[PDB]
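The form deposited in one PDB entry is given below as one chain in structure tokens.
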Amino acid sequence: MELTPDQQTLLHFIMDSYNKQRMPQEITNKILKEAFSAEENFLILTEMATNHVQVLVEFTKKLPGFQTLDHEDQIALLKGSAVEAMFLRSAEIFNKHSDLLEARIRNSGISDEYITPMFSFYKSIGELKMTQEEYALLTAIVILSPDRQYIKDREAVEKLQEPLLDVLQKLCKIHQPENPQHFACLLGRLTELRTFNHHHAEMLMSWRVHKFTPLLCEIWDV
């Protein structure tokens, strides 16, 4: 049981692109040094989200075949995956300063209705003991979801997503042969990720008392 050379090449492009992602030192120092209040904590979350959307665009452009998709479908895929990819990355960083970041999130004026399933998701991500290949492929599968709103050529997106699901399943058989439910538990995280779209939309609606950044206003139609 091994990946074919073609699957190894596809996996290598995903990993290389995933490994490039960085949170700039200017933003990380703010987590340590800025004032502790609901207003300042919310502003830090906003800045981190903006940096992550930028990181998400750069990662997506290096995904094999993404730049061959219809230009407007590229926009529609980025807009529909931004929250899901941001939660998956948050889950990864939380499961590897961390005490102060958690404190800021819990004291950013965001309701427990949102915070509770969020920390519950980070917990279930941790129990999976995900490898970096699993984090990167799940991120790409989330981005390349053919069922997002306003996609014109869905079949073209299906052609890019299916081989990634084939690679992820093969890795599950190679690395966890005694746990045949491993792939199923990863799919469980895909469906759980989708629930954060409704929760995030309710947070943006109720926050009408606020400015965000132009990048966040664009992707979330604020």
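A residue's number is simply how far along the shown sequence it sits, counting from 1. Under this definition, the rigid core comprises the largest set of C-alpha atoms superposing within 1.5 Å between the forms.
Note that the form deposited in another entry isn't included here; everything after this is about it.
Core-based superposition between the shown form and the other one leaves all of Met130, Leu138, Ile105, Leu78 but one with CA shifts under 2 Å; the exception is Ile105.
Once both forms are fitted on their core, the CA shift for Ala156 between the shown form and the other one remains under 2 Å. Once the rigid core is overlaid between the shown form and the other one, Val57 does not reach a Cα shift of 2 Å, moving by less than that. After superposition on the rigid core, the Cα of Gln169 moves by less than 2 Å between the shown form and the other one. Distance between the C-alpha atoms of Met15 and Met23: shorter in that other deposited form than here (change of 3 Å or more). In comparison with the shown form, the Cα-Cα distance of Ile14 and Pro24 decreases by at least 3 angstroms in that other deposited form.
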